[PDB]
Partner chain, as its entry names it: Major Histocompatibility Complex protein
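Next up: a single chain in structure tokens, the form deposited without the partner chain.
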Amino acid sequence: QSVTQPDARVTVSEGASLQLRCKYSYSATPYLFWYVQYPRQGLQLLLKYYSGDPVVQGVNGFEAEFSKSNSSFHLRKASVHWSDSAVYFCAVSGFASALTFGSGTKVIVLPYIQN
């Protein structure tokens, strides 16, 4: 139905937290998703919410919470890895609805360098 990703880009150092904002529009029961696009590959599903517990855990430390009250589906990760650089897309759906995508959010991760 409708999804909004208010930030187009995010720059962050390896080790720090990350929050990618997503707002949705619907009235019914929404099906929510996060997809990730790594360089030189197609979209992949990162996490999804259909029902039950609003906090959903996806691959590699990624988390998202469905909030009906706040009508949000913010994605978070406690400590980002350098390989997390990518474009993240929020999408929404429903019982008799098509899948709709947001404009996406580019995440640039600065790698941590030691000696």
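Numbering follows the first chain given and starts at 1.
**Q** Would you determine, from the values in the PDB entry, which of 26-34 and 80-88 has the greater average C-alpha temperature factor?
**A** Per the PDB entry, the higher value belongs to 26-34.
**Q** Would you mind checking where the Cα B-factor of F62 ranks among the modelled residues of its chain, as the lowest, middle or highest third?
**A** Highest third - that is where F62 ends up once the chain's C-alpha B-factors are sorted.
**Q** Using the B-factors in the PDB entry, rank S97's C-alpha atom against the chain and give the third, lowest, middle or highest.
**A** Answer is highest: the recorded C-alpha B-factor places it there.
Just so you know, the form deposited with the partner chain bound exists too; it's not on screen, but the next bit is about it.
**Q** Using heavy atoms only and a 4.5 Å cut-off, determine which of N70, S83, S51, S79 is in contact with the partner chain in the deposited bound form.
**A** Comparing distances to the partner chain in the deposited bound form, the residue within 4.5 Å is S51.
**Q** Taking the partner chain as it sits in the deposited bound form, is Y31 near enough to touch it, meaning that at least one heavy atom pair lies within 4.5 angstroms?
**A** Looking in the deposited bound form, residue contacts with the partner chain include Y31, since a heavy atom lies within 4.5 Å.
**Q** Consider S13 of the chain shown here, and say whether it contacts the partner chain in the deposited bound form, taking contact as heavy atoms within 4.5 Å.
**A** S13: no, not in contact with the partner chain in the deposited bound form.
**Q** Determine whether any heavy atom of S97 comes within 4.5 Å of a heavy atom of the partner chain in the deposited bound form, and answer yes or no.
**A** So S97 counts as contacting the partner chain.
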